[PDB]
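Take a look at this one chain, the form deposited in one PDB entry, written out in structure tokens.
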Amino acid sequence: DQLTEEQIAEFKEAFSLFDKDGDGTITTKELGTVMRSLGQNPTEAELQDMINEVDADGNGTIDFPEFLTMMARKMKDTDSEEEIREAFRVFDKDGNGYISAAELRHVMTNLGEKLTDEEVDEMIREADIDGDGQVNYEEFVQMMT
């Protein structure tokens, strides 16, 4: 089938979270910044190894079609569940088990991202299956699939 404009917009927003300077490519330095904000501490060589798996043309960076190719592979690492829980803990800064729009705003400002209130509210709505206005652990996990 064909992607909708909403699906293209969602892929574009996800790419922009890594592409901090907006030049259309994701570098090892930009990938490292995101991973550190989600509780990880990869070395530069490990970041290069991760990019190399996705980088098809071999120019050291990830472009939009390479990013989409990555998503279409449904690839996973051995400690995926631990990394997803670690990332979940980062967002839920008040320890109540729900990620609020305020807590998502906190992680985005720490990452150096500039997002409007409508963009933050749409990200919550995108993941909020039960409709309580916040993202619980199961919704945060389901979002990854």
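Start at 1 and count along the sequence shown; that's the residue number.
Form deposited in another entry: not shown, discussed below.
Two rigid parts turn against each other between the shown form and the other one; the point where they join, the hinge, is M75 in the list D57, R125, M75, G32. The pair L68 and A127 is at least 3 angstroms farther apart at the CA level in the other entry than in the present model. Between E10 and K76, the Cα spacing is smaller in the other entry than in the shown form, differing by no less than 3 Å.
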